[PDB]
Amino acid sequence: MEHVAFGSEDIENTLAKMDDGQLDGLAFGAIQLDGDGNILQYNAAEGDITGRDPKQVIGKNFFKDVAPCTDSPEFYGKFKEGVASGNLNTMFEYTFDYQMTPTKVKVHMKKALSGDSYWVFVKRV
């Protein structure tokens, strides 16, 4: 198990070293998005929470295709403001409810160290 705590202040530095295999060892869900919301990485723990197969959602658009329930000012709105601004670090509770049992989560979105990519981290509450 890769030992990194949800909400750590340097999480983006820690995860910068990890390949898709190491990401699967985290204790929480992790999704890497580009600035348009397309999925670049999607780990095992996220699939355990949501039921999605990680291999199959890579390359889909999180807000349009995968997670329409997040297309709202309270989630996608925050994302697109952070991309436009070039900075993003916000944590909030949300309920995921699209084609799944409604599941309450804590979400942390943070700009990655790389270029034009953004993390979404998820854990159950």
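From 1 onward, residues are counted along the sequence shown. Take the two forms, superpose them, and find the largest set of C-alpha atoms that agree within 1.5 Å; that set is the rigid core.
Structural divergence in 8 other deposited structures of this protein between 26 to 34 and 63 to 71: following superposition by the core, 26 to 34 has C-alpha atoms lying farther from the shown form. Averaged over their C-alpha atoms, the temperature factors of 15 to 23 and 98 to 106 are higher for 15 to 23. In this entry, the higher average B-factor at the C-alpha atoms falls on 53 to 61, of the pair 70 to 78 and 53 to 61. As recorded in the entry, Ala84 carries the highest CA temperature factor of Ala84, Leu33, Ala45, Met91. Per the deposited record, the Cα B-factor of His3 falls in the highest third when ranked against the other modelled residues of its chain.
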